[PDB]
Each structure stands twice: as C-alpha cells, then as structure tokens.
Amino acid sequence: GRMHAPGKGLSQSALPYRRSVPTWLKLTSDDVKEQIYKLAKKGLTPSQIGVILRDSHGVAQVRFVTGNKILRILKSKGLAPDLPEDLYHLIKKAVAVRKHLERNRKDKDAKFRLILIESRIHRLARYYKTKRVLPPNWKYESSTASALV
Amino acid sequence: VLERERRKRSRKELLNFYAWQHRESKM
Amino acid sequence: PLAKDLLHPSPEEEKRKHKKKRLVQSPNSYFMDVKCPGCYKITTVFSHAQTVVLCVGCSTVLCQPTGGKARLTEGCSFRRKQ
Amino acid sequence: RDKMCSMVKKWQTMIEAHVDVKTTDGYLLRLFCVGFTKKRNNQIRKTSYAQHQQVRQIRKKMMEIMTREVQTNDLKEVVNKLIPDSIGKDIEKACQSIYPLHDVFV
Amino acid sequence: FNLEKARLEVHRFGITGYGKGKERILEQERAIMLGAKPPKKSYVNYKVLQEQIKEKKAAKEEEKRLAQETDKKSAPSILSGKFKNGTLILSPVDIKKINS
Amino acid sequence: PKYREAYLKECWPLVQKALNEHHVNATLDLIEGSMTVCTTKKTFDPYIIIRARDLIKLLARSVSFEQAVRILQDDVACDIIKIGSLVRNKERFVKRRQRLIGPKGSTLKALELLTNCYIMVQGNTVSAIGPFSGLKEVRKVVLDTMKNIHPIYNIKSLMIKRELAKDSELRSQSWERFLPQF
Amino acid sequence: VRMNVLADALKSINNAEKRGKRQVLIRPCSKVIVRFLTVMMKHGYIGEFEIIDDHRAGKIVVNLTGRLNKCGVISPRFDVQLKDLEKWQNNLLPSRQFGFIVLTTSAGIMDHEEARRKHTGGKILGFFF
Amino acid sequence: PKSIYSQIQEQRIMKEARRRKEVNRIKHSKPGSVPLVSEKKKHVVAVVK
RNA sequence: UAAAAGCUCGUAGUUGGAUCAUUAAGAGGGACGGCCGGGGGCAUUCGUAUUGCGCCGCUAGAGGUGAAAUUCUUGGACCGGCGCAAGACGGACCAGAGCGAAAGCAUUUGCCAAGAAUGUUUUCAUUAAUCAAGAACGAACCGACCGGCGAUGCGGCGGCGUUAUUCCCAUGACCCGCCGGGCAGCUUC
Ligand SMILES: [Mg+2]
Ligand SMILES: [Mg+2]
Ligand SMILES: [Mg+2]
Ligand SMILES: [Mg+2]
Ligand SMILES: [Mg+2]
Ligand SMILES: [Mg+2]
Ligand SMILES: [Mg+2]
Ligand SMILES: [Zn+2]
C-alpha cells in the first residue's frame, strides 16, 4: 500500500528464523567494527555499508555478529550523520527536482511530484521532531534546502 | 563493467552526509 | 478444491510457494564460494549480488549485477555453502 | 505499390529507417528500408512483436550497414548492389540475433 | 419533417425486402410489444425438446466464436445493538436499557 | 484475415473455375495469407484484370461468393468504403454504425431496395456493388452517417426523389422545395 | 488499519464456518485470542488448534467441526456486575439453553457461567453460539 | 444435488489441469530427471517400521 | 395519531500490529540492481495527401447535379511532366494491448527530470488508514464474496531440445513448468 501509488507490492526481504552466526564466518565481532569505521570514513551511507559487507565479506546481518546496529556502532565511535539518512535523501531529491523546475516552466508533472516529496518531508520531520532527533526549531525551506544538504 | 561502476561512484560516494564531513570541511 | 493440510504441507508445495506466503518465511538466496582463474584463492559471494565483486588477490572481475541472480565470469568454479 | 501493400500484415511489427550518405564520387543519396518480424516454425503464440529497445537496436543496425556500404563505394558499385538487393540480405542476416526478420528490402 | 413519422415509413419498406413470410413474422413481433397477447407455445415431446435446447446452445456458442474472430425467498434472515464487520456496537443509552 | 481463410479454402475450386473462363490465373497463398491474380498469354480482354482484382478484394471483406462473382459481368460495379478514419472515438463509431444498419436491418435494406445495390457492412468497411448511379448514392449516405446526420433523413430524401422521377412535369425545375427541410 | 486482532480472528472463523471449510488460518496471534479460543474449545465448538511460532506475532491454525453458528466481539467493553449478568444474557443471546458470553475479569478470561461460580464480574469480550 | 454436482465438476478440472502440466515436463525433460510414482503409493509419506 | 462534474493531496474530528525495553508486521518510509511504458517537457527530423505558385507539352472546353444552375477558361482552364512554398495530419502496422491521479497519450533522433512492478539475508522502526475545511489539476440487485480454468503485459526462477551469435554495439528468438503485481473474460462460493 504505497501512499501515492494504488498498487500494493510485496517485494521485501525475508529474514531467516535462525539468528546465530554461521560456522564458516571467520570474522570476529571486533574485526567487523573497523571495517564499518573504514567504509564510513570513505563517505558511504549506512544502508550502503550493509550491502558491501553482505556482498563481499559474507556478513549476512551485522546485528547478529556484533550485537549492535550500524547506526548505533557509528554513533558510539562518533561518526554520526548530521541528519537522518531517510530524511536527507528526500531533501536531496527535492533540491534536484526544484532545480529542474527552474529551467522547465511548462513541466506540470514536475510541479505535482514536488508536492508529494515535500509532503513526505513534513511527515518525517514531525516524527523526527517528536523523537528529539531534530531540535524543535528546524524547518524545511526551499532556499535553505540547498545549504542543508 | 569496471567503467560503468566508476561513473556511478559520484552518486554513491557522498561528500556532505556525515557530521564529521562538515567539521573538517570548515577548517 | 483439493484437500491440503495446512499444518503439514507437501515437499513440492513449500518450495513452490512465494517466500512470504509460506508458513515460515525463508529466503530463496544463498551464499557461495567462488574460485577465479589466475589465482585459486576462494572468495565468498552472495548469489543476488548488486555490486561487482573483485578478487582481493588479483582484482579480477568475478560477477556482474543483473535483475536477479548475479552472473559469474567464464571459467570460475562455484559451490553452495552451508 | 502492390508489393508494398502485400507485405504489411496485421500481427507483426514494422521497422523503418532512413539515412543520408554521400558516395565517393560526390553523389548524395537517401535510402529507405522496411523490415518485418518473423514467426518461428515451432511458435504457438499468435503474435510476434519485438520490444521497443529491440526495435531501436534493429533500427540502429539498419543505419550503419547502409552507411558503410555506400560511402566506401561509388555510384557504379552501389547500383550493382541494388539490382539483387544485397543490402537487404545483409541486414536480415545481421539482425537474426536480436529478432528474426523477413521481407527486408531497400 | 417529423422523425417519428419518417421512422415508421422507413421500417415498413425495409421489412418487405425480407420477404412476405418474413414480413408477417416480424409484424407479429411488433404487435406483441404493443400489448398483444402472445400465442401459446406448442407442447412438444420432452426428449425432442431436450435435443432442440442442446442445438440452440451450440448455435449460440458458435456465434460467440465467430464474434471473437471478427473482434423469491421463503423466509428472511433469522440473523441480522448493531453488528458490523464482526463487531457488535452497543449504544450507551441502549446499555442502560440492558441494565434496567 | 485468418477468419476468412477457412471459407476461401473451400470456395477456391469454384473461383479458379470462374476466372479460367477469361484465361486469368489465381493463386491462394496460405503462408503469406494473400490472394493473387495474374493474366496469361491466352487472355484477350485487357480490362478483365481490373474486374479480377475487384473480386478478390470483396472476398477478403467477407462478401459471399455468389454476390462477389456477379461483378465480373460488365453491368455491375463495386466500391469499398472505409469508415474507420471518420471518428476517433471507438464507441461513437460503433453507435453510428448501428444506426446505419437500423432496427432489424430495415434501414440497410431500405437503402438496398431504393439503390438496387447489394450492401454489406463488415468491420470498418462498407462494400456495395451495383449500377454506377447506385454506388454514387451509397457513398454519400454511408459517409454522411459518419458525419453525424441521421440516415433517416437521407432515406426519406431518396423516397421523395424516386416519386418525383415518376412525374414527367417540372423535370427541369428545381426540387429544393419538394425536398424536406429540417 | 487493523482495529482488533480478536475481531478479525473471529470474523475469519465465522466466514470459514459459513463456507463449510475444515481448517482456517488466522494471523496475527495474541494471548487474548488464545484464551478466547480455549473457552470456545472447552464447549466443543471448534476443536484442537495449533500455534505456529515465527519470530513475528505467531500464527494459529484452527480445526473446525461445523457446530458454530455466530461468533463476535463487543465494542463497548462495559463493566458488568454479577447480579446484572442475567440481563446481558437474554438481550444478547437468542436462547437460554445454549450460547456463551465471554468476559475478562480480575480472575481471568472466563465465560458467564464460570463467572457465576467465582462471583466475579468485569469487562465483556464477546459471544458465541 | 446442485451443491454436490458443482463440486464434482470443479474437481475434475483441477485433476485434468495438472495432467497437461505434468506431461509437458516429462515429454521434454529427460527420463532420469523426473521420478515416477504410482498413484497408490503416492499418498504414503513413510513407513516407520 | 410512533393508527394500519470529476481526480489527488490534505486540517479538525474519528481511529490504529506483536511481546514483557524486544522483534523487524504477507503495516508503512528510504536506498540499491537490471529492466519496462502512445507518461510529461525541450529541441530535432521524415512521410504521403491537399492547396497555391513557376516553367514545359497539347488544344476547347473543364467543374457540378436527379436535371441544371453559380464558377474557371484562346491573356491556355482541365489533363500529362518537373521543381518550389504554405497549413494541417501521423494511416496500414494498431490489439479490449500499454502508460498516467483524472482529464488524456502514437513519425525519427538527442537531452532533462519523474514513475509502476519485480529482485533483495540493505536501512529506519509505528513513522498508519479515512477525511468536512483548505490546496493543485481538470474534455469540448448488492457486499474486501473463499476459490478455479484459460490466454495476456512486465519482472524473476528452473529446464530436454531447436535457432543465431557478439572487436564495439550486444548476450537474444521459440517451447515447457513456477512465483508476483496488473488489463480484462468464463465460472463458481
Ligand atoms: Mg521497491
Ligand atoms: Mg517490513
Ligand atoms: Mg530503482
Ligand atoms: Mg527509459
Ligand atoms: Mg519513455
Ligand atoms: Mg517523448
Ligand atoms: Mg516472460
Ligand atoms: Zn584472483
């Protein structure tokens, strides 16, 4: 049930029943951590961190190996993102379509898509304000959005 | 195949995502 | 309709159903060990890989991402794990 | 006119391409080609359609074959090719990998 | 020029094209729609009647394929607060009636 | 089309017999799905190939064999009218096509009797055959129906024209007053 | 969104009951659902049922015997005393010789006959007959 | 009764539908690949003994 | 007389999984991978037909109708040939197929942003549903009533065999089984 799409897809990940690390995995809980630290220093998002470990190093779930999530581990070391990843990507998309809308005055659909994107931004901003992740004075402005990201 | 990844390196390797990426940039 | 036991499904039934519509969810993917030519060091590669995997020793292109299962290079040898 | 009308059937895909190519002796020509997707002998599906990207890949291969076979030769050699339409046969052979074709003509 | 007057005159001339036998049978149909009592259908042998129905179904079926090629309860419900979607809703004023 | 392929297969022994009288050959290509007619050395009439081409066009338009062969006679002509292009909307096109046929097919046969031409409506084509003066009248009314003016006006107009032809007087005089007005 | 996992479970059992089905799968599972099923099961209305434990809220597979007429839930959850308990039975159930009303009390999730023995009232959950 | 008659007709479609789908495999696929089981012993999962 | 226009977003209100912080919902959000579409915008380009104009050839008519009449013609109408310019339109291929929130969408090529479904042992962790008010756009029998059988469009998985084959460009066409979300039929409960 997508918010702006009538169709309801079912494509998603299915976690296995077992939570124990496989025997063939030769990496330790400590050794995974600096790999996360090294890749984060390179400038990769935490969602991208898991994909690299999954594809190449055979780490199916970092939470099962180290006992902590990627964001929690990075927060402890101090490599914390300034803004939440999900909110940051939507702001980046809003800037890109807004820049495109300057040079195409007749693009009606681009105007409509911008409404949907900013609606999702306000919904996540209100939720992120409640969890005290964002200060209770942060606002999304079109001119400020370029400087934000 | 290697060339196709290198074109995608710009999008997937960010320069202002983390808080540390701002503070060492301000120096 | 045909009579099926919801508690005890048949061997061909559970492998045929969708991964989310089974009694207990179970993925259809797996991990495999691949051996590239040029150097016979073993690399662990996910079946539905989304990035090109390079051998650590010799930097040879192992697999190319596709829509579904990743396609392996010619001459490579692979084995399912676990 | 009658030959063109008879080839256009109802349950197949038509691909057309055109180029502007200059010969070695200065003659500038515009060439047109037509092709039709072909049903296999063992095929049971009623319709034989090619997807849009397959059409463009076929259309692209149409263009360079005419381009290469004219700019290298002169007007005398081009006419000798046009009499048995060896250009159409070459296009049909090259496009078998993408989608089988028949009735390819200049 | 009246369309209704013209519509009938166009119809009558066309039906004569069908033939005098077809002229008659179509004319009976028009009177029936106007309120005339239908003639009684003749009683036939049930075996013969069953075969005729089978041929009519086949005739209808073949017409469909050609078209494709060209392309009273005895008792009410005993079960019927208000119950919707598996949930029974009781009004607070109704609850006092249960208490009293 | 293939739904006509079956009927053409059985009647092909008959059509080749009819055209062999004029010494013009015919070939039915099942793989290509084509009807081909070509003249020979024995043939002596040059125009008969035009009458031969007109025949195979009618058969592809579902016109029956007995009606189709009659155009081979010199007195009869033919015309295939394409009505699909007139209306963009498909539902509007179907509605006006049903208006042309009318209730019980009466308006079509009312057209048929007044024109003295055989008319068949199939798909987006209307096939009419008969005397040349008749075919001119058919093309006007069939196209006019697609132009959103009612066929009943044209059919009633023809009836007035026929009875005026009976009366020899005022033949030179204009018929505009006698013709009905909206 | 889903409003009552108990009501949805009861509705699906009721619908499968009307269709003559032999087994029904209900999800998600809950402790309130399990206690409600056991009360109905003690009177021979459904039969044995199984709890399948995935790591997300569980699933239940229930056998059917064809003896169920109507099962439902009560939205107000009004607080009922023991002395008043008679009036709720007549105004809800069609008859007085069969049918049960399920209550949740300080003693537990328990039907109105057992409430009379324990002399305890509480909030009303649902009914079945 | 129409209740029983409808169920008999529907179940016959199901059984026959599997049969074309089954024979399309065996006619194509190699004889060794597809095992063959008798209809009687098809319903016996195991014998503990 | 208790007598017989639409469509989408969206505020208030209404209302919202499991567990005794955990899990990671056949709840929702995002990212990633290869594709897909007459979806939208900007440029570019081709095709006949029609009309008008210029020249060449020929000579009394041409057009229209039921019959005529308005009109055009020896300063050359109509007809035949060659070339140029203008306004539309995009056939046949074209399907109950596809795309879009709806209204609607069809020549070629380049560019810009957007999107559905599918694949996923990636990421967040309740962030949701319905909505008066308000905002954007806008031609000219009945009921979420469990299912089944066939085809059909896209994505994925597996496979005996045919068919082409890959410097670049590209790894397909056919047949069989299976899983999803769609456009529709025929049946059932
Ligand atoms: Mg997705
Ligand atoms: Mg989830
Ligand atoms: Mg994507
Ligand atoms: Mg694209
Ligand atoms: Mg597109
Ligand atoms: Mg476009
Ligand atoms: Mg497919
Ligand atoms: Zn190597």
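For this deposition, the record names cryo-EM as the technique by which the model was determined and cites 3.6 Å as its resolution.

J.: I tried to follow the nonpolar core on my own but got confused; where do I start?
T.: Considering soluble globular proteins, one finds that nonpolar side chains tend to be buried as a cluster. Counting 36 residues, the largest nonpolar core has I36, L74, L87, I91 and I121 of chain A as the members making the most contacts within it. Elements that contribute at least two residues to this core include exactly α1 (29-41), α2 (46-56), α3 (62-66), α4 (70-77), α5 (85-103) and α6 (108-130) of chain A. Structurally, this core is a two-domain feature, drawing no fewer than three residues from each of domain 1 (26-80) and domain 2 (81-149) of chain A. Residue contacts for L87 of chain A: discarding those within four places in its chain leaves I121, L124, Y128, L134 and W138 of chain A. One finds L37, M40, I60 and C71 of chain G within the second-largest nonpolar core, a separate group that totals 28 residues.

J.: I would appreciate a short explanation of the environment of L170 of chain F in the present structure.
T.: Residue and element names in this part refer to chain F. Within the secondary structure, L170 is located in the segment after α7 (151-166). Judged by its relative accessible area of 17%, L170 is buried. Along the sequence, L170 and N154 sit 16 residues apart, while their C-alpha atoms lie 22 Å from each other. When residues no more than four places from it in sequence are discounted, the contact partners of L170 are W175 and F178.

J.: Can you walk me through the pattern of salt bridges in this structure?
T.: The tally for this structure, following the rule as stated, stands at 18 salt bridges over all chains. A salt bridge links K97 of chain E to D94 of chain E; the shortest N-O distance between them is 2.7 Å. Separated by 3 residues within a single helix, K97 of chain E and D94 of chain E lie in helix α4 (residues 92-99), roughly one turn from each other. Measuring nitrogen to oxygen at the nearest pair gives 2.9 Å for the salt bridge that ties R139 of chain F to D79 of chain F. Pair noted here: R139 of chain F is in helix α6 (residues 132-146) and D79 of chain F is in strand β3 (residues 77-82), with a separation of 60 residues, a long-range link. Owing to a relative accessible area of 32%, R139 of chain F belongs among the partly exposed residues under this scheme. With a relative accessible area of 19%, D79 of chain F lands in the buried category.

Thresholds applied
Residues numbered from 1 in each chain as written, not as in the entry; some residues may be left out. Chains lettered and ligands numbered in written order. Part of a larger assembly, values for the part shown. Heavy atoms only, no water. Core = buried A, V, L, I, M, F, W, Y, C linked by side-chain atoms within 4.5 Å. Buried < 20%, exposed > 50% of the residue type's maximum accessible area, 1.4 Å probe, protein only. Helix = DSSP H or I, 4+ residues; strand = E, 2+ residues; numbered from the N terminus. Domains from an automatic or database assignment. Contact = heavy atoms within 4.5 Å. Salt bridge = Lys/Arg side-chain N within 4 Å of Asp/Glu carboxyl O.

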